[PDB]
Ligand SMILES: [Zn+2]
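Residue numbers (full-length UniProt numbering), protein chains in the order written: chain Z, 1 to 189; chain S, 4 to 376; chain L, 52 to 101; chain X, 131 to 195; chain P, 57 to 88; chain V, 24 to 155.
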């Protein structure tokens, strides 16, 4: 049923400690989890999930797996301390996805872009110019910090599509600390 | 509670631009962004008398501090206490803050260093020494910080008001400079920080001149201008060409700590002269005559043997002393720093050696070719 | 704690054991004649570190 | 030359003298060893060059070269 | 939360320890 | 349908692994499945071999526990190749290089699985010095 795997870029930045959607922010990145993909396996029990941090050049905390206990356990210890990283963060996820089994599974990166990034203007050349020929899918979640609407980040999906793409959508839930229903209902996925 | 911030619009520079905008910062229940603004504000030029108001604000924000990264929190607490500058008040505040944030976080280190600094101004033996040893021992598991390490080093070096810790004092100053990341310092501070290390290195009992200082950045960029009798002294010492003219002006510059140790300084200069004279010889006729030592050391013929014996005993050469032949035999285990021009001789020696080795290898290979295979 | 007490339990289930014997002479610096409690005799030496 | 492998260690000792911090990998001496019941394997697998004391005088001269 | 870190996260000894005891048992050969 | 003077090629690493695994457990008997390529009707080649933890009463049909057999061959392909299982370690410490009735019973099933698979026998005690 699911023609896709799953890798997630769970933010870890120093700014991630903030009251903007709930308790201490990240406490909410954790929030979807238990649905951030709980919904994704709410699909045929053959889906695959992942995890990738994005601070201090970012490490990887989960290798594609139709299991969730490990991802939750690692999520419990994601202490935020450091400047966010991108581009490199996305390429690490891209490689990890390439090392996916069951070639039938398509790719998907859900980017929880929270704290501001330092990406330059024409990052598209590496950010998106590949996903077409690589037929990759990337999703963007803006944990607030929407500085001037972060057109810089919006340009990533903008480079996406070109006719059809965007994945689900680059949904920037409003800074209103409503909840994750915005990351539960909004995502038709 | 917030009314304090509301009415705190006056009594401080940058009122509108800082506080008025900051208001939204906590109205959005927001965070460590606020801490960064706070850091900028505290570092701002201010006589720092409103420490009570600032501190009440800090307590209010840190009630659920969490988002206040402990490292920044400790930095701000140390700055505020240093601005308040009341001895017992600050000491009690430091103890309370340190205990309250007692986590395994690498900030209790910073607090302990601050406490050592605070107590460093009085009773500098009982509690301070134990505290400095404790900070040293607990300073592990994270060499990459490079900041709490700098603070601890600076505390130690400021400890320099103590005779015994000298060579380690030079070591501490060197470590400060090395792990201070960039110099990132005002020229004003750098001048004194470099003169202090210069005097320390000159006065240490085992330290002679410790080359690589001359191109060590802390000195030149700050001292090249003027008031640099010390640098000429450093050049003379690392060269050892007596050149004891400089001391007539060095004493005037600093009678204390220099004139008080003329005997020790001159003994070191004599030893360094002996070493450098042994080094300038072309490694073939290392056997030198007491006449040479005297003429290069302005010491008596009789005293030469004692000077060489002292050099051996300290451990800068490993030759041997003989008399009936009126000569001395040296052999080295203590090498020093060099410069580009002095590397050309080494390169030439290596090239000649490589040519000779190739020649001998080719000779053996050619002649023995019958039985080699 | 149960997993800890089981890991070493299974790990130790590899050791094979030695044969208890009393040395008799010192043939060389690396050859010592050794007997066994059962009775047969052999010629052996230290391992690499004794 | 005789470099089949080299060993490195990652010690992050900050610095001495006046240097800044860095990665500062470090080198550990290495040598290719052997274990009985495997030395036999290698002996058989080679069994042609046999560069032991065979032809001792010639081998000594080649060693000097 | 606390439980999810313990319901199946952690508590894995009920699977690993089960398996591990399986091999220690299986190696209990009949002779002694 | 008929054998001949056929050559089995074992890789150098394969031989080394056979000997090391055999000597590690000399007092007991060990078992290790072989991976390789079925080159042609008269050339069976094994590139590398892998060991199976010493469980059971000894060399028997228990060494093929699927839980362990599948997971190694799997992860192994992820990096390298799938060379199909071709043979087994086996090991007779002090019993020459013979095959006993139990060993025949075992290899019968492996023959069934394959058609020409081979059974190796590596002696970890007698083979020393310069003997294989
Ligand atoms: Zn058998």
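Backbone N, C-alpha and C define an ideal beta-carbon position, used for all residues, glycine too.
The closest heavy atom of ligand 1 lies 8 Å or more from the beta carbon of residue 157(X). Rounded to whole angstroms, the separation of the alpha carbons of residue 48(S) and residue 121(S) is 22 Å. The criterion of a C-beta distance shorter than 9 Å is not satisfied by residue 74(S) and residue 26(S).
Counting every other CB atom within 10 Å of its CB across the protein chains shown gives residue 164(Z) a total below 16, marking it as exposed. Relative to ligand 1, the beta carbon of residue 97(V) is positioned no closer than 8 Å to any heavy atom. For the segment 80-105 of chain V, the set of residues with a beta-carbon nearer than 7 Å to any beta-carbon of chain L is empty. Every alpha helix (DSSP H) stretch that sits fully inside the segment 146-195 of chain S and reaches 4 residues is listed by chain position as 151-161 and 170-182. When secondary structure is reduced to three states using DSSP, residue 264(S) falls in the helix class.
Collapsing the DSSP output to three states places residue 293(S) in a helix. Taking C-beta separations shorter than 6 Å and ignoring five residues to either side along the sequence, the partners of residue 21(Z) in its chain run 28 and 177, following chain order. When 8 Å is used as the limit between beta carbons, residue 114(V) is near no residue of chain P, the shortest such separation being about 18 Å. Nearest neighbour of residue 89(Z) by Cα position, chosen from 3(Z), 24(Z) and 126(Z), turns out to be 126(Z).
In the DSSP secondary-structure assignment, residue 325(S) is bridged to 330(S).
Within chain L, the residues 67 and 68 have their CB atoms less than 9 Å from the CB of residue 50(V), given in chain order. A distance below 7 Å between beta-carbons, with the five flanking residues on each side excluded, links residue 116(S) to the following residues of its chain, in chain order: 138, 151, 154, 155 and 158. Looking from the CA of residue 150(X), the closest CA among 34(S), 221(S), 235(S) and 93(S) belongs to 221(S). Within the segment 90-153 of chain V, the complete beta strand (DSSP E) runs of at least 3 residues fall at 108-111. For residue 115(V), the CB falls within less than 8 Å of some heavy atom of ligand 1. When the Cα atoms are used, residue 157(Z) and residue 59(P) turn out to be separated by approximately 38 Å. Any Cβ of chain X closer than 9 Å to the Cβ of residue 46(V) would place that residue at the interface, and such an atom is present. With a threshold of 9 Å between beta carbons, residue 174(X) makes contact with chain V.
Taking 9 Å as the cut-off, the beta carbon of residue 73(Z) is found no closer than this to the beta carbon of residue 78(P). Against chain V, a Cβ distance below 8 Å from residue 163(X) picks out nothing, because the smallest value is about 13 Å. Residue 122(V) has its Cβ nearer than 8 Å to a heavy atom of ligand 1.
In this structure, residue 52(Z) keeps its C-beta atom at 9 Å or more from the C-beta atom of residue 113(Z). A straight line joining the alpha-carbon of residue 81(L) with that of residue 96(L) spans about 5 Å. The DSSP assignment places complete beta strand (DSSP E) segments of no fewer than 3 residues inside the segment 52-89 of chain V at 56-63 and 66-72, in order along the chain.
Under a criterion of Cβ atoms nearer than 8 Å, the residues of chain P adjacent to residue 78(V) are, in order, 79, 82 and 83.
By the criterion of a C-beta distance shorter than 7 Å, residue 45(V) is surrounded in its chain by 53, 114, 145 and 147, once the five residues flanking it on both sides are discounted.
Separation of residue 238(S) and residue 155(X) (C-alpha to C-alpha, rounded to the nearest whole angstrom) is 34 Å. Using a cutoff of 8 Å, the CB of residue 82(P) does not count as near ligand 1, since none of the ligand's heavy atoms is closer than that. Within the segment 62-78 of chain Z, 69, 72, 73 and 76 place their CB atoms closer than 7 Å to a CB of chain P, listed in sequence order. Counting along the chain, no beta strand (DSSP E) covers residue 108(S), and no H or E run does either. Leaving aside the five residues that flank residue 249(S) on each side, the residues in its chain whose CB is nearer than 8 Å to its CB run, in chain order, 232, 235, 236 and 239.
The shortest CA-to-CA distance from residue 107(V) to any of 149(V), 73(V), 83(V) and 28(V) is the one to 73(V).
When C-beta distances to chain Z are compared with 8 Å, the residues of the segment 54-76 of chain S below that value are 69, 70 and 72, in chain order.
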